[PDB]
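I'd like to ask you about the structure that follows.
Chain IDs A, B, C and D follow the sequence of writing; residue 1 opens each chain.
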Amino acid sequence: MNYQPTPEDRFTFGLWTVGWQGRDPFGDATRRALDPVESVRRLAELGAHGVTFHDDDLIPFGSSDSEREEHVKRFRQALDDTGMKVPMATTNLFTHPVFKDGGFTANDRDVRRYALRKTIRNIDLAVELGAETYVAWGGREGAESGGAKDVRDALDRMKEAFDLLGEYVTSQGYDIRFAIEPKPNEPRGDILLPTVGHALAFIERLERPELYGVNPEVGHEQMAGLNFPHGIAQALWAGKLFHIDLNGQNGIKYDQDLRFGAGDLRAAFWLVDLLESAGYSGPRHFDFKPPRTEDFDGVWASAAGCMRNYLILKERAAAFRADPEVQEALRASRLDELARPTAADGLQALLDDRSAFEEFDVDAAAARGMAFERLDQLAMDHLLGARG
Amino acid sequence: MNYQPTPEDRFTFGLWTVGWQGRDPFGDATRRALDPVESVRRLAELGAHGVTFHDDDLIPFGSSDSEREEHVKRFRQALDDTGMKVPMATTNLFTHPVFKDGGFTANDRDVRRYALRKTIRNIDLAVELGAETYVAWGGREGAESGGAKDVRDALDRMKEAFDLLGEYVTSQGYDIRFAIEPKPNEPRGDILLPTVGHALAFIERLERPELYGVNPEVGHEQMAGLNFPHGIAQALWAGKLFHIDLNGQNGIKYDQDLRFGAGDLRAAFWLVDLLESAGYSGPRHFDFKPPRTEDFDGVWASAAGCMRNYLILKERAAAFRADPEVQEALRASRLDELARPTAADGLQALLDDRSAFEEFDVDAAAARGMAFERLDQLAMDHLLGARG
Amino acid sequence: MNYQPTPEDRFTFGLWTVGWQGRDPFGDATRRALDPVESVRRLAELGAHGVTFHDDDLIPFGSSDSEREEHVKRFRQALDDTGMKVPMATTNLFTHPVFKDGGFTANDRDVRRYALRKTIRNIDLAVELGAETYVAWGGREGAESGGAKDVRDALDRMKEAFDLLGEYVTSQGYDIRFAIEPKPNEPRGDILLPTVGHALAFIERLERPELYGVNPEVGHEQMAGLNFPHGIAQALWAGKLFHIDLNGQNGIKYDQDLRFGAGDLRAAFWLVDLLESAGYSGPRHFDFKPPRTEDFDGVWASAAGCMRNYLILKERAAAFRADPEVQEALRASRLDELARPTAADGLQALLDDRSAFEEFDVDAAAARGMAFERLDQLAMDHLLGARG
Amino acid sequence: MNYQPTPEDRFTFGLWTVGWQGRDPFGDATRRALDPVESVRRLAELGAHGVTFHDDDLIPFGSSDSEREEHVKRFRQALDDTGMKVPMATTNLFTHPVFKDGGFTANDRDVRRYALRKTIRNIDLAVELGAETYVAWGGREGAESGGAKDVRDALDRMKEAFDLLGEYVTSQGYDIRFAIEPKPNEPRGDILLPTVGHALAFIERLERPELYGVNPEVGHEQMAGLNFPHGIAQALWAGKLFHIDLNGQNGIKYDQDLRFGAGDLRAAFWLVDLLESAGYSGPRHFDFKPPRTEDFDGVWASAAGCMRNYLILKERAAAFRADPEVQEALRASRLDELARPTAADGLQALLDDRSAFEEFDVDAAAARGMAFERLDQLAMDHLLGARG
């Protein structure tokens, strides 16, 4: 009867989430900047396992090698004081005006080289802090108009960039993998590699595909009206779910980054059911923005809400799968048959099987109800805790 | 000053397009059925190069081997009489009630085996008629609720199915490739392999990836709010654009299948520019539905409109790229630099290049305007034929 | 601990809902036609209060005055046998090919006159069966292309039609009101009066506005990405919520008509909370389609699910509002202040109030957190039955 | 053969459009602030008729009565030097953190009173500068979660606010009307009065409805997937199109504010055709944002592009309507009949007209094609300048 998170739950937060000051396209900040050290302390008290960062969240852009050292030192001391881990790090290749046309796929060659150098420097830092995953979100890679970007040339530049980071990591002997985070649009009119599918496809064209996977975000796939759990299943099927960003989103519109559980509640249930049943072992990272209507107390309530909502859904999904009535319904809907090979007997035997065509009774097969509605209502009852 | 199509333009139409009777989810047919032989004659007169078909368009479901022979014979004679070709064929694995839960990924194993046998039979027919591409549109593969389909098991069944068709084609020595046509939703709540990206990713997991590519449709990618030309560029970059379905769609809503040129006009311009500049050599296939408000005369006007709109855009795109002012603008926006390697000098030289980081002037770089708006207005002027 | 519906709950269903045969734009029917008398019996056993119908659901198109009489007689006897009521009726001005360009706004004048006569005949029938509300869903009023419909002239024809039905009802002394059901698109490219707002605005231009209100549908407003509860609040505020259609919809895509509770679960919670708190006293009508994957047993399970889901949400919303912790949170977020007039003191006093401008401390006001996230998590806890 | 705008064309721009510095939710400004006086000079040279402003664009928030006077004086002198007019003004009730929960519908009563006082002060300024229209865009009126805002109470507060501004304007004897600008979402999760329809409906509940109309924006209606020209026709039909915001938007996603003509090109054509045929006489105001990739030269090219694109479409629409072949097609599609009353003979005569029902030949009527596709292709040919 308790939903208290503990570090063993592997809940993580970006510094930029609880640290979001509330500046939006139409308004000024509503909260003061949070010292990352304070963020780490508050999060550890809430039961979090660790934090993530962009280089620019930790070390202000333009810091001298000296101030940099100082900023890392204070951070490192907060991690030691709290026991918090840093499992993932990423680069800010979107805020500074130089990246207005992108980082790895900017038309200007000198900016692409700078983007790489900036990233490489942060990869060194990430390894030192113990991160296992390095995320790349190409927020500025894309266009508002068609002639501004030749997409085939942009994809060559993107592959070139990732191949170089792969050569770097391998030459240094680092134990770290990359994860590409898709987003369909915003802040560019259209962004390259807009969905999980596009990113997965792109990865197979890299020189060392085994080094790269995806970091899908609930809200981003939903901005394209796609089914998030289905996209995650395809990533898992491919062996490419290296990390995940959890949050909420209310349909096709701007990127909301609501707390996890908010937005599409049923999709959140099916997502938890899948992550737990597939045995996803990575961090449960929250990339959310406490709404700008909130003061600091609302910020911490929002973060606690993300973890609470995950734990409640995990309990409901587990009760759903453990329910014998549900196991019976799953067999009535033939989920058991879906998992059996269609033709382990082989092509030849299938061609010779008259029961597969010549003598197949299509009419009888057609008449068989799938019983999906009863199964779905059983799932609803479990979610709402209304199971008899 | 003429936009008359000729067979050399490679325009093709599905029998189900001009033959659509007008039955929609809320109303009865508004037109009588068209005899495929008549469809072939009318289309040849309009300047079309050929037609495509689903098995069930040509041979009514349940035909005896005898009537089948008769139907193919009459069709074949119309093709000989007109010189029309059949470059693509596909299977109907969606109309009959047996496929209500899918064909290759139905939960019922007996239906999956039947779907394969039905497909294999039509592949034999396709080769005989000279088709080079066999399209697969999994319209019924998917779900309306989360527990009805374990997506990892469904993907195993889908791969199993495609691998078997690949074994079949290779064992028979057929010269024919497969093309997967994505669609995000409708008629299922969510469809598997919902976008070009998801289909491309899936293909890399097949046993003989070289046999499969995609058959993207303008309207389907737009039902997910995605940029069609960008998706096509990624397919071309991957060497997987085996075929394409051209039509129009007005945003995120039901699958409209408006005539090509209708819907998002600018995207149609950028798509034509890309297909012609990349030297796409396959058919320009139209998968459209003449609206049910039309009589047969409106059906033929609609089909002629598809071809006319492609020819007009082709002329405008070619004039755009040939314009010296445009070539000058493209250099001002650094499209030339986008096409140059970021670091052909190699990783080591990039790491040692102080001009790439230590001494890079971010401020100067940032201040450089991209000149994208002038370029885009030049494109607009060309499209509207308002170029001085 | 029980969610059994009873006729006092005022749950109603259209004959076309449980009677949907499963024909969609890409497939044939998967279920046989249901005799309306059977539908009435099954629904009464489930705990329903009554049914609704389009003329064509009850009396097949083209029936002789004789067969018509017979069909009404059998229906009437089923209502007497079960105690079921008929609180609403409507016209089918969309299925028959004549209505391909609309009914009240068809370009052909002779069809508009026929649409009116067909409607008037059914209004007489509705009154006789005791219906209090007559719904109008202009599914075919609209266009796929811009020049096909002059919208100002179409609105004149629509107003003319409604004004005539108003004159008819008033001249006959009937006790019956009209309700306009909006839908943004499908089966037309764009439909006239696409949302609740457009319909409300249109009503104020009718000759006797007091005779007309709206019949909003959950899924239709969601097809435009709008907030359904907000739209319902505006209808209630205007005194125009005469009836309502409950169902589920998963975002911006084709009209799904999933069972109530499916789709956006949180919106369903907030909708129930609003209907119950505002004391909506009309029918709780379900306009849903049991998915075509189901057999008759799944049809009845789906219908029972609609009612169950409403009763569960009603219990959760009532517990939310009754919770003292929630009442405390509502005051912390100043919902109490929202309900107080901004300036009951009047314009002059506001202009002279220095505390309203000259001496207003914007900074202090700005710093006040709204506490919305804690309130929302309290709502989530109540919905999931996880309230301590 | 010329598309040069002149002040007689009535093209206007907001100071915040060409003055947009490029700050977005993910990045810093890419351009320096423009002095409003400079903006006025550059725009007059481009052929603009005038400018619009929010109070805070002209007078920086918190200015002393003294600096205010100075800022107005410099502005006024630029208008005199150039002959530029100021036909519309509006209030910034969204940037400052105090308005984080709204202005007129903030839960805090003290903020609602402040919002009114701030608005009233700017109305006085607007009249002095000669503005005929005062626009209200409630960007912060709304919510991210359901319990945060009781929408019926919010609508009472909104009506109360507008009624007070109406009392103020009437008591001062000012010649100025209000225009409500709808937007469905962003920066709030859902905004109140989300579409043209909702705003029109709301206006009929105000004390003096004749004082208020709408200021629809192309992109905002498109963020809800609605047909902009249709929404504008309904506004014109109601006599409520007081002003309009022109721009471009690519579908359902964040508010792009692309230059007019960009986005949905065909909708822009149909919009121009409607404004010119209905004789809309108000300003053609552009609310756009030159993309942040641009430098100042791209800013001015973008603004010139807005005007050019309107003039080109105006020429094409006029040629379309003047074409005798098009006038012939319009009669073939029965646009002439749409404009004729359905029953000027009256209810009684319609009831007695057997040709309207008893003897109506539905089959013959049904068989009549609408000829909409040929008409639409004629429109396309005209738009692309491909008319023989």
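Just so it is clear, a contact is a pair of C-beta atoms (placed from the backbone, for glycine too) under 8 Å apart; a residue touches a chain by one contact, two chains touch by 3 or more.
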| item | value |
| --- | --- |
| Pair in A-B, A-C or A-D that repeats B-D, with over half of contact pairs matching by residue number | A-C |
| Selected interface, C-D versus A-C, where C-beta contact pairs are more numerous | C-D |
| Averaged-CA centre spacing for the pair chain D and chain C, given as whole angstrom | 30 |
| Chain A and chain C, separation of their C-alpha mean positions in angstrom | 37 |
| Interface hub residues of chain B, defined as touching at least two other chains | 30, 96-97, 100-101, 144-145, 148, 184-185, 190, 223, 225, 252-253, 262, 266, 291, 293, 366, 368, 370, 372-373, 376 |
| Interface residues, chain C side, partner chain A - complex | 3, 30, 225, 251-253, 259, 261-262, 264-266, 290-291, 293-298, 301-302, 305, 308-309, 312, 316, 366-374, 376-377, 380, 383-386 |
| In the complex with chain B, residue positions of chain A that touch it | 96-98, 100-101, 104-105, 107-114, 116-118, 120-121, 143-157, 160-161, 164, 167-168, 171, 184-185, 190, 192-202, 204-205, 223-227, 229-231, 233-234, 236-238, 252, 266, 269-270, 273, 278, 330, 333-335, 337-343, 347, 350-351, 353, 355-357, 360, 362, 365-366, 368, 370, 372-373, 375-376, 379 |
| Partner chain C, residues of chain B touching it in the complex | 22-30, 94-97, 99-101, 139-140, 144-145, 148, 184-187, 189-190, 223, 250, 252-256, 258, 262, 291-293 |
